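*Asks:* I'm passing along query-v5.txt; it holds compact mmCIF, C-alpha atoms.
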# COMPACT_ATOMS: atom_id res chain seq x y z
CA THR A 40 -79.05 -5.57 52.47
CA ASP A 41 -81.65 -6.70 49.92
CA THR A 42 -79.71 -6.64 46.64
CA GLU A 43 -76.97 -8.22 48.75
CA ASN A 44 -79.34 -11.06 49.71
CA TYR A 45 -80.31 -11.55 46.07
CA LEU A 46 -76.75 -11.74 44.74
CA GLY A 47 -75.93 -14.08 47.65
CA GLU A 48 -78.73 -16.42 46.56
CA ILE A 49 -77.82 -16.38 42.87
CA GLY A 50 -74.16 -16.95 43.67
CA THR A 51 -75.09 -19.93 45.83
CA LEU A 52 -77.28 -21.50 43.16
CA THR A 53 -74.68 -20.69 40.48
CA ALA A 54 -71.94 -22.42 42.47
CA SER A 55 -73.98 -25.48 43.27
CA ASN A 56 -74.82 -25.79 39.56
CA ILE A 57 -71.23 -25.72 38.34
CA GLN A 58 -70.42 -28.01 41.32
CA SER A 59 -72.93 -30.65 40.21
CA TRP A 60 -71.79 -30.38 36.61
CA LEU A 61 -68.06 -30.76 37.45
CA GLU A 62 -68.81 -33.53 39.98
CA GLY A 63 -70.57 -35.58 37.28
CA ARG A 64 -67.51 -35.24 35.06
CA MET A 65 -65.29 -36.20 38.02
CA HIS A 66 -67.33 -39.36 38.60
CA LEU A 67 -66.93 -40.39 34.96
CA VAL A 68 -63.15 -39.95 35.21
CA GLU A 69 -63.12 -41.90 38.45
CA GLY A 70 -65.09 -44.65 36.73
CA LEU A 71 -62.69 -44.67 33.77
CA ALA A 72 -59.81 -45.33 36.15
CA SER A 73 -61.66 -48.14 37.93
CA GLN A 74 -62.69 -49.67 34.58
CA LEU A 75 -59.04 -49.68 33.44
CA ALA A 76 -57.74 -51.13 36.74
CA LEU A 77 -60.28 -53.95 36.27
CA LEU A 78 -58.90 -55.07 32.87
CA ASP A 79 -57.43 -58.52 33.32
CA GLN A 80 -55.16 -57.84 30.31
CA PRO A 81 -54.42 -54.19 29.98
CA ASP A 82 -52.84 -54.21 26.51
CA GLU A 83 -53.34 -51.45 23.90
CA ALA A 84 -56.36 -52.93 22.16
CA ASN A 85 -58.26 -53.47 25.42
CA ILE A 86 -57.47 -49.95 26.67
CA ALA A 87 -58.60 -48.41 23.38
CA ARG A 88 -61.83 -50.44 23.46
CA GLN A 89 -62.64 -49.17 26.96
CA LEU A 90 -61.89 -45.55 25.84
CA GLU A 91 -64.10 -45.84 22.76
CA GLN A 92 -67.35 -45.94 24.78
CA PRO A 93 -69.71 -43.22 23.46
CA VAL A 94 -70.49 -41.89 26.96
CA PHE A 95 -66.93 -40.47 27.01
CA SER A 96 -67.17 -38.66 23.68
CA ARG A 97 -70.63 -37.32 24.58
CA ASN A 98 -69.41 -35.77 27.82
CA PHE A 99 -65.74 -34.85 27.29
CA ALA A 100 -63.78 -33.16 24.57
CA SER A 101 -61.60 -36.24 24.94
CA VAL A 102 -60.54 -38.94 27.38
CA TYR A 103 -57.11 -40.49 27.45
CA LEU A 104 -54.52 -42.66 29.17
CA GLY A 105 -50.87 -41.67 29.29
CA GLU A 106 -48.89 -44.83 30.08
CA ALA A 107 -45.89 -44.88 32.44
CA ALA A 108 -43.71 -47.51 30.72
CA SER A 109 -42.95 -45.64 27.50
CA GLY A 110 -45.35 -42.68 27.12
CA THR A 111 -47.89 -44.48 24.91
CA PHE A 112 -50.84 -42.11 24.62
CA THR A 113 -54.34 -43.39 23.80
CA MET A 114 -56.95 -40.69 23.27
CA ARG A 115 -60.63 -40.99 22.22
CA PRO A 116 -61.98 -39.43 20.13
CA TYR A 117 -58.61 -39.67 18.41
CA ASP A 118 -56.81 -36.82 16.68
CA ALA A 119 -53.12 -36.14 16.09
CA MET A 120 -50.65 -34.89 18.68
CA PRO A 121 -47.40 -33.04 17.99
CA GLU A 122 -44.30 -34.88 16.88
CA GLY A 123 -42.52 -36.24 19.95
CA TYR A 124 -45.51 -35.70 22.25
CA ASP A 125 -44.89 -37.50 25.56
CA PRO A 126 -47.82 -37.24 28.01
CA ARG A 127 -45.50 -37.94 30.93
CA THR A 128 -43.98 -34.47 30.52
CA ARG A 129 -47.31 -32.68 30.97
CA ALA A 130 -48.77 -31.02 34.07
CA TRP A 131 -52.00 -33.03 34.03
CA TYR A 132 -49.87 -36.16 34.19
CA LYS A 133 -47.19 -35.13 36.69
CA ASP A 134 -49.74 -33.46 39.01
CA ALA A 135 -51.96 -36.56 39.07
CA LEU A 136 -48.95 -38.63 40.17
CA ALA A 137 -47.80 -36.07 42.75
CA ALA A 138 -51.25 -35.84 44.34
CA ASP A 139 -51.91 -39.65 43.94
CA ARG A 140 -55.62 -38.87 43.51
CA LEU A 141 -58.08 -37.10 41.22
CA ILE A 142 -57.10 -33.50 40.56
CA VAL A 143 -58.83 -30.79 38.58
CA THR A 144 -56.36 -28.59 36.74
CA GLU A 145 -56.42 -24.89 36.03
CA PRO A 146 -56.90 -24.01 32.34
CA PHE A 147 -54.12 -24.85 29.93
CA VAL A 148 -53.76 -25.09 26.15
CA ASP A 149 -54.56 -28.44 24.50
CA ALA A 150 -51.36 -29.68 22.84
CA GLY A 151 -53.21 -31.03 19.82
CA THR A 152 -55.89 -28.40 19.02
CA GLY A 153 -54.62 -25.20 20.64
CA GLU A 154 -57.94 -24.80 22.44
CA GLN A 155 -58.15 -23.67 26.07
CA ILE A 156 -59.15 -26.65 28.24
CA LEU A 157 -59.04 -28.04 31.72
CA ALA A 158 -58.61 -31.68 32.68
CA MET A 159 -59.55 -34.06 35.45
CA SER A 160 -56.86 -36.70 35.94
CA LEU A 161 -55.82 -39.47 38.31
CA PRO A 162 -53.31 -42.35 38.49
CA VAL A 163 -54.38 -45.81 37.31
CA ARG A 164 -52.76 -48.86 38.92
CA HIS A 165 -53.24 -52.48 37.89
CA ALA A 166 -52.61 -55.09 40.60
CA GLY A 167 -50.81 -52.33 42.53
CA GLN A 168 -48.40 -51.33 39.71
CA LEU A 169 -48.70 -47.97 37.89
CA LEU A 170 -50.39 -48.17 34.50
CA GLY A 171 -50.31 -44.42 33.93
CA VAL A 172 -52.59 -41.42 34.28
CA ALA A 173 -56.17 -41.38 33.01
CA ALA A 174 -57.90 -38.07 32.25
CA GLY A 175 -60.76 -36.31 30.55
CA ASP A 176 -60.68 -32.73 29.43
CA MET A 177 -63.34 -30.16 28.56
CA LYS A 178 -63.35 -26.87 26.65
CA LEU A 179 -63.50 -23.72 28.75
CA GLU A 180 -66.34 -22.31 26.61
CA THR A 181 -68.47 -25.32 27.59
CA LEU A 182 -67.94 -24.53 31.28
CA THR A 183 -68.35 -20.80 30.80
CA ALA A 184 -71.73 -21.38 29.14
CA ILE A 185 -72.88 -23.48 32.15
CA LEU A 186 -71.77 -20.67 34.50
CA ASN A 187 -73.63 -17.93 32.56
CA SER A 188 -76.90 -19.76 31.85
CA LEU A 189 -78.87 -16.61 32.82
CA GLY A 195 -74.30 -8.33 34.56
CA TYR A 196 -72.30 -11.57 34.23
CA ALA A 197 -70.44 -14.33 36.07
CA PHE A 198 -66.86 -15.59 35.98
CA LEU A 199 -64.71 -18.10 37.86
CA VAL A 200 -61.56 -17.19 39.79
CA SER A 201 -59.21 -19.04 42.10
CA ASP A 202 -58.53 -18.09 45.71
CA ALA A 203 -55.13 -16.70 44.66
CA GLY A 204 -56.78 -14.35 42.12
CA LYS A 205 -56.31 -16.35 38.87
CA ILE A 206 -59.20 -15.98 36.40
CA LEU A 207 -60.24 -19.48 35.26
CA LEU A 208 -63.40 -18.88 33.27
CA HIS A 209 -64.68 -15.57 31.89
CA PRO A 210 -67.09 -14.47 29.13
CA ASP A 211 -64.18 -12.34 27.88
CA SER A 212 -61.93 -15.27 26.88
CA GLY A 213 -58.90 -12.96 26.78
CA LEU A 214 -59.17 -12.51 30.54
CA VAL A 215 -58.73 -16.25 31.16
CA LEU A 216 -55.53 -16.96 33.16
CA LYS A 217 -55.04 -13.29 33.95
CA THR A 218 -54.93 -12.14 37.54
CA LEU A 219 -57.73 -9.97 38.85
CA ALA A 220 -55.21 -7.14 39.16
CA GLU A 221 -54.51 -7.56 35.42
CA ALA A 222 -58.21 -7.71 34.51
CA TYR A 223 -59.30 -4.68 36.61
CA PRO A 224 -56.37 -2.20 36.94
CA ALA A 227 -59.40 -5.06 41.81
CA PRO A 228 -61.79 -6.41 44.45
CA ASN A 229 -60.49 -8.52 47.29
CA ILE A 230 -61.65 -12.12 47.24
CA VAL A 231 -63.81 -12.38 50.37
CA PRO A 232 -67.06 -14.47 50.40
CA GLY A 233 -70.00 -12.02 50.20
CA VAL A 234 -71.03 -8.85 48.38
CA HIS A 235 -69.15 -5.59 47.99
CA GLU A 236 -69.34 -2.33 46.05
CA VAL A 237 -66.34 -1.73 43.79
CA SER A 242 -68.70 2.66 36.13
CA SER A 243 -69.01 1.20 39.66
CA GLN A 244 -70.53 -2.23 40.27
CA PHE A 245 -71.46 -4.88 42.80
CA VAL A 246 -69.27 -7.98 42.85
CA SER A 247 -70.07 -11.12 44.87
CA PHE A 248 -67.84 -14.13 45.62
CA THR A 249 -69.32 -17.57 46.36
CA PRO A 250 -67.11 -20.64 46.89
CA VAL A 251 -67.62 -23.75 44.81
CA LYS A 252 -67.98 -26.73 47.12
CA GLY A 253 -66.79 -30.25 46.38
CA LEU A 254 -63.76 -29.54 44.21
CA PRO A 255 -60.62 -31.53 45.07
CA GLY A 256 -57.46 -29.65 45.95
CA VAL A 257 -58.69 -26.17 44.97
CA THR A 258 -60.68 -23.24 46.32
CA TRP A 259 -62.48 -21.62 43.42
CA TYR A 260 -65.14 -18.94 43.51
CA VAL A 261 -68.08 -17.92 41.40
CA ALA A 262 -67.80 -14.17 40.87
CA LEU A 263 -71.01 -12.28 40.02
CA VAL A 264 -70.77 -8.78 38.54
CA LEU A 265 -73.83 -6.54 38.54
Spell out the structure here as structure tokens.
*Replies:*
Amino acid sequence: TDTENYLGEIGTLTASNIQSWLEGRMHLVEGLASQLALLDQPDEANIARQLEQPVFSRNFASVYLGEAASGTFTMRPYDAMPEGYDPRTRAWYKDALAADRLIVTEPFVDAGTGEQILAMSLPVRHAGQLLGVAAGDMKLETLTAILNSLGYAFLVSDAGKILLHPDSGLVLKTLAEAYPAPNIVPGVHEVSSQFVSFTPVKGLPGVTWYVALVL
């Protein structure tokens, strides 16, 4: 009843921290879309100029626009993509269009670097016509560091998919795969035997994700 209160308080503060951090990144991606919709002439040079702002490289691994007309892909900071890369075939693109709003993706593998990332993406229209999908992505280790700024903490979806974990190998495993498992219910429960607490992250669009604390 006491160590339960204490884990409940740390889980709450841990969730509201990752919430604030992710929300700030969301806002920047929202503002990137509004900036691009505001271009009077949205040609390649103007799009690239908007993407080259240092605030984007300081706060994302990269930001980018996948264009609807022919798959033109502008990414800053720029590095190479695979031969025949077409952003329109990728989940961060197709899911932004299907949801018609900002989404936050589960982890995937960056097509250029092989790193594990997640993206925030949303459609960009100009005068009501689709320009493409704008996104920023961030490395999972960056997020995992935020989560574990102080036993340990990981991040897991409502369905049981591990999203962030100090053991990087456990990322994208199910909880049943990681612990051959506790049931995801908000609160604290005994499960070497350990305490494990689930706290929802508020404010995230389209997902229910939990901070898991292990003590």
*Asks:* Around all of stretch 204-207 of chain A's listed atoms, make the axis-aligned box with 5 Å on each side and tell me centre and edge lengths in Å to one decimal, as JSON.
*Replies:*
{"center_x": -58.3, "center_y": -16.9, "center_z": 38.7, "size_x": 13.9, "size_y": 15.1, "size_z": 16.9}
*Asks:* Looking at A:171, A:256, A:121, A:204, which one is nearest to residue A:105, with distances taken over only C-alpha atoms?
*Replies:* A:171
*Asks:* With all atoms listed in the file as the atoms that count, which of A:263, A:71, A:64, A:81 lies nearest to residue A:166?
*Replies:*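 Smallest distance to residue A:166 is found for A:81.
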*Asks:* Between atom CA of residue A:228 and atom CA of residue A:47, what is the distance in Å, rounded to a tenth?
*Replies:*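 Atom-to-atom, atom CA of residue A:228 and atom CA of residue A:47 are spaced 16.4 Å apart.
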*Asks:* Residues at most 8 Å from residue A:145, counting all atoms listed in the file, excluding those fewer than 3 positions away in the same chain, as a compact mmCIF listing (two decimals) with C-alpha atoms, in the coordinates of the input?
*Replies:*
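Result went into out_3.txt, see below:
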# COMPACT_ATOMS: atom_id res chain seq x y z
CA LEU A 157 -59.04 -28.04 31.72
CA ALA A 158 -58.61 -31.68 32.68
CA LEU A 207 -60.24 -19.48 35.26
*Asks:* May I ask which of the residues A:205, A:115, A:140, A:178 is the closest one to residue A:163, counting only C-alpha atoms?
*Replies:* A:140
*Asks:* Name the residues, using the chain letters and numbers of the file, that sit within 7 Å of (-61.0, -24.9, 26.7) when counting all atoms listed in the file, and give them as a list in words.
*Replies:*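 Those residues lying close to the given coordinates are residues 154, 155, 156, 157, 177, 178, 179 and 180 of chain A.
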*Asks:* Which residue gives the smallest distance to residue A:53 among A:195, A:250, A:232, A:255, with all atoms listed in the file counted?
*Replies:* A:250
*Asks:* Using all atoms listed in the file, which residue out of A:214, A:150, A:186, A:137 lies closest to residue A:125?
*Replies:*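 Closest to residue A:125, using all atoms listed in the file: A:150.
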*Asks:* Which residues are near residue A:50? Cut-off 7 Å, only C-alpha atoms, ignore same chain within fewer than 4 positions. Put them as a ChimeraX atom specification.
*Replies:* /A:46,54,249,261,263
*Asks:* Taking into account only C-alpha atoms, which residue in the set A:72, A:129, A:199, A:233 is nearest to residue A:218?
*Replies:*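 Checking each candidate against residue A:218, we get A:199 as the closest.
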*Asks:* Quick one: distance from atom CA of residue A:65 to atom CA of residue A:264 in Å, one decimal?
*Replies:* 28.0 Å
*Asks:* Please measure the separation of atom CA of residue A:159 and atom CA of residue A:130, giving the value in Å to one decimal.
*Replies:*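 Computing the Euclidean distance for atom CA of residue A:159 and atom CA of residue A:130 yields 11.3 Å.
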*Asks:* Might you pull out every residue within 6 Å of stretch 95-103 of chain A, with only C-alpha atoms counted and same-chain residues fewer than 5 positions away left off, and present them as a list in words?
*Replies:*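 Using only C-alpha atoms, the neighbours found are residues 113, 114, 115, 116, 173, 174, 175, 176 and 177 of chain A.
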*Asks:* How would you write as number ranges by chain the residues that get within 6 Å of (-68.0, -29.4, 34.0) in the file's frame, counting all atoms listed in the file?
*Replies:* A: 60-61, 64, 182
*Asks:* Is it possible to add N, CA and C atoms to stretch 49-71 of chain A and hand it back as a PDB file, keeping the file's coordinate frame?
*Replies:*
ATOM      1  N   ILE A  49     -78.175 -15.981  44.227  1.00  0.00           N
ATOM      2  CA  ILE A  49     -77.820 -16.380  42.870  1.00  0.00           C
ATOM      3  C   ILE A  49     -76.427 -16.971  42.837  1.00  0.00           C
ATOM      4  N   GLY A  50     -75.502 -16.390  43.594  1.00  0.00           N
ATOM      5  CA  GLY A  50     -74.160 -16.950  43.670  1.00  0.00           C
ATOM      6  C   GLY A  50     -74.159 -18.360  44.227  1.00  0.00           C
ATOM      7  N   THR A  51     -74.987 -18.605  45.243  1.00  0.00           N
ATOM      8  CA  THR A  51     -75.090 -19.930  45.830  1.00  0.00           C
ATOM      9  C   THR A  51     -75.612 -20.936  44.808  1.00  0.00           C
ATOM     10  N   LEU A  52     -76.726 -20.608  44.157  1.00  0.00           N
ATOM     11  CA  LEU A  52     -77.280 -21.500  43.160  1.00  0.00           C
ATOM     12  C   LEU A  52     -76.364 -21.644  41.951  1.00  0.00           C
ATOM     13  N   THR A  53     -75.587 -20.598  41.624  1.00  0.00           N
ATOM     14  CA  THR A  53     -74.680 -20.690  40.480  1.00  0.00           C
ATOM     15  C   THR A  53     -73.525 -21.620  40.792  1.00  0.00           C
ATOM     16  N   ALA A  54     -73.028 -21.555  42.033  1.00  0.00           N
ATOM     17  CA  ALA A  54     -71.940 -22.420  42.470  1.00  0.00           C
ATOM     18  C   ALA A  54     -72.397 -23.864  42.572  1.00  0.00           C
ATOM     19  N   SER A  55     -73.574 -24.095  43.131  1.00  0.00           N
ATOM     20  CA  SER A  55     -73.980 -25.480  43.270  1.00  0.00           C
ATOM     21  C   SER A  55     -74.299 -26.091  41.905  1.00  0.00           C
ATOM     22  N   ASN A  56     -74.621 -25.264  40.905  1.00  0.00           N
ATOM     23  CA  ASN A  56     -74.820 -25.790  39.560  1.00  0.00           C
ATOM     24  C   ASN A  56     -73.497 -26.217  38.925  1.00  0.00           C
ATOM     25  N   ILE A  57     -72.519 -25.322  38.879  1.00  0.00           N
ATOM     26  CA  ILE A  57     -71.230 -25.720  38.340  1.00  0.00           C
ATOM     27  C   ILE A  57     -70.620 -26.841  39.178  1.00  0.00           C
ATOM     28  N   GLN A  58     -70.905 -26.889  40.493  1.00  0.00           N
ATOM     29  CA  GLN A  58     -70.420 -28.010  41.320  1.00  0.00           C
ATOM     30  C   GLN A  58     -70.988 -29.342  40.850  1.00  0.00           C
ATOM     31  N   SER A  59     -72.314 -29.411  40.693  1.00  0.00           N
ATOM     32  CA  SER A  59     -72.930 -30.650  40.210  1.00  0.00           C
ATOM     33  C   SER A  59     -72.399 -31.040  38.845  1.00  0.00           C
ATOM     34  N   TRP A  60     -72.266 -30.066  37.945  1.00  0.00           N
ATOM     35  CA  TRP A  60     -71.790 -30.380  36.610  1.00  0.00           C
ATOM     36  C   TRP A  60     -70.384 -30.955  36.642  1.00  0.00           C
ATOM     37  N   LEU A  61     -69.444 -30.257  37.298  1.00  0.00           N
ATOM     38  CA  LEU A  61     -68.060 -30.760  37.450  1.00  0.00           C
ATOM     39  C   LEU A  61     -68.016 -32.106  38.182  1.00  0.00           C
ATOM     40  N   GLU A  62     -68.843 -32.274  39.226  1.00  0.00           N
ATOM     41  CA  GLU A  62     -68.810 -33.530  39.980  1.00  0.00           C
ATOM     42  C   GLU A  62     -69.205 -34.717  39.103  1.00  0.00           C
ATOM     43  N   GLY A  63     -70.196 -34.529  38.215  1.00  0.00           N
ATOM     44  CA  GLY A  63     -70.570 -35.580  37.280  1.00  0.00           C
ATOM     45  C   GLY A  63     -69.405 -35.957  36.377  1.00  0.00           C
ATOM     46  N   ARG A  64     -68.695 -34.945  35.863  1.00  0.00           N
ATOM     47  CA  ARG A  64     -67.510 -35.240  35.060  1.00  0.00           C
ATOM     48  C   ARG A  64     -66.438 -35.949  35.899  1.00  0.00           C
ATOM     49  N   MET A  65     -66.229 -35.507  37.136  1.00  0.00           N
ATOM     50  CA  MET A  65     -65.290 -36.200  38.020  1.00  0.00           C
ATOM     51  C   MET A  65     -65.641 -37.681  38.150  1.00  0.00           C
ATOM     52  N   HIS A  66     -66.918 -37.982  38.397  1.00  0.00           N
ATOM     53  CA  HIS A  66     -67.330 -39.360  38.600  1.00  0.00           C
ATOM     54  C   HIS A  66     -67.002 -40.200  37.376  1.00  0.00           C
ATOM     55  N   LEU A  67     -67.206 -39.637  36.181  1.00  0.00           N
ATOM     56  CA  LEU A  67     -66.930 -40.390  34.960  1.00  0.00           C
ATOM     57  C   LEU A  67     -65.450 -40.704  34.861  1.00  0.00           C
ATOM     58  N   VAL A  68     -64.601 -39.749  35.269  1.00  0.00           N
ATOM     59  CA  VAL A  68     -63.150 -39.950  35.210  1.00  0.00           C
ATOM     60  C   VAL A  68     -62.721 -40.967  36.260  1.00  0.00           C
ATOM     61  N   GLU A  69     -63.320 -40.874  37.449  1.00  0.00           N
ATOM     62  CA  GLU A  69     -63.120 -41.900  38.450  1.00  0.00           C
ATOM     63  C   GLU A  69     -63.523 -43.267  37.916  1.00  0.00           C
ATOM     64  N   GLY A  70     -64.647 -43.340  37.197  1.00  0.00           N
ATOM     65  CA  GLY A  70     -65.090 -44.650  36.730  1.00  0.00           C
ATOM     66  C   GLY A  70     -64.226 -45.182  35.608  1.00  0.00           C
ATOM     67  N   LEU A  71     -63.607 -44.272  34.834  1.00  0.00           N
ATOM     68  CA  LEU A  71     -62.690 -44.670  33.770  1.00  0.00           C
ATOM     69  C   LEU A  71     -61.467 -45.333  34.377  1.00  0.00           C
TER      70      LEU A  71
END
